[PDB]
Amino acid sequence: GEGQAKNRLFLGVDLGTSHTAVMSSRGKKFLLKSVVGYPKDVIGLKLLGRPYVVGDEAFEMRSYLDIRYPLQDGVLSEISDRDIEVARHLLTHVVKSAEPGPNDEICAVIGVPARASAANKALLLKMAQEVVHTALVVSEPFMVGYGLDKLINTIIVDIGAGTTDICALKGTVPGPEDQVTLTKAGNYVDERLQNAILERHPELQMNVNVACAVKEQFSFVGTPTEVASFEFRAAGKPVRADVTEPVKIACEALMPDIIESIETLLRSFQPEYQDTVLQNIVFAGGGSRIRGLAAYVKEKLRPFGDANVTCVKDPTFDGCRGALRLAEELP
């Protein structure tokens, strides 16, 4: 059985709502938008030269295409027959981009959004094993926890765009109350920030995309250590404005529900492990990049004890890195 031992390719796939991140046991590492773009008509199909395009270029060309994000920002929920085919196209493309050899047995751990129903995880598993030889579908917080060697007595706070997903890891299948989903996340910050800015600078030409740019450049919580000065437009002209306090307000607005959620999950652990849980509060997702976040949360958790809050080092790739590790380590 030399062939079978040698001709094996492992993949860690972070199959997210907005982005798919992939690492392979041979060192491939790449990122793409979780989107497939289809020609609008037969002429589009001729123009495209292929039946669909996948990833960043699908997004880039979206004005000319019918684009589909198969992990409809939830899961929201039951994935249709049509969207399972869209997911097949996405996963087929990511697996091809990992460049397997023609003799390779492709073995993939595929992380999916936390709230994906059992039925949807089963659907994605069936589809996956039509694309790769062996697959295992796991939830995102598990994959993230696994990569940190944090699978028990841990709480993962995953701050995304549409939701903040908070998961207690207890070394078992999550119970119904081991997860909390908040609707206050990055998009909500954008909205708050847009409006905090316009209150102070009504003349700026502003939308949630501009607010998002300001946020991504300057996000912080706690006492300001620098000035958030951003170069806006007003009546067509460049105008710089200090939006330190709007940024502070908008980013800090996320935190009360997060702290409340951590409390709710903390008390569901056995009492003698609660201090240990507080040493394993992990922030993930795009929102974990907010400046000052770990210290701020640590201070806000003082009523519960002395917390060690950490932010994942690389929100983009740490999930798929963990999935790859699971894939290579599992017998």
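Don't overthink the numbering: it's just position in the shown sequence, from 1.
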Q. Which has higher Cα B-factors on average according to the PDB entry: 67 to 75 or 253 to 261?
A. 67 to 75
Q) Mean CA B-factor: is it higher for 87 to 95 or for 167 to 175? A) 167 to 175
Q. Among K46, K300, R267, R291, which carries the highest Cα B-factor?
A. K46
**Q.** Top residue by Cα temperature factor, when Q205, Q217, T154, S139 are compared in the entry
**A.** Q205
Q) Which third of the chain holds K33 when residues are ordered by C-alpha B factor: lowest, middle or highest? A) lowest
Q | Cα B factor band for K121 (lowest, middle or highest third within the chain) | A | lowest
Q. In terms of the CA temperature factor given in the entry, to which third of its chain does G222 belong: lowest, middle or highest?
A. middle
(Q) Quick check on the deposited entry: does the C-alpha B-factor of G162 sit in the lowest, middle or highest third of its chain? (A) lowest
Q.
When the deposited Cα B-factors of this chain's modelled residues are ordered and cut into thirds, is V42 in the lowest, the middle or the highest one?
A. highest
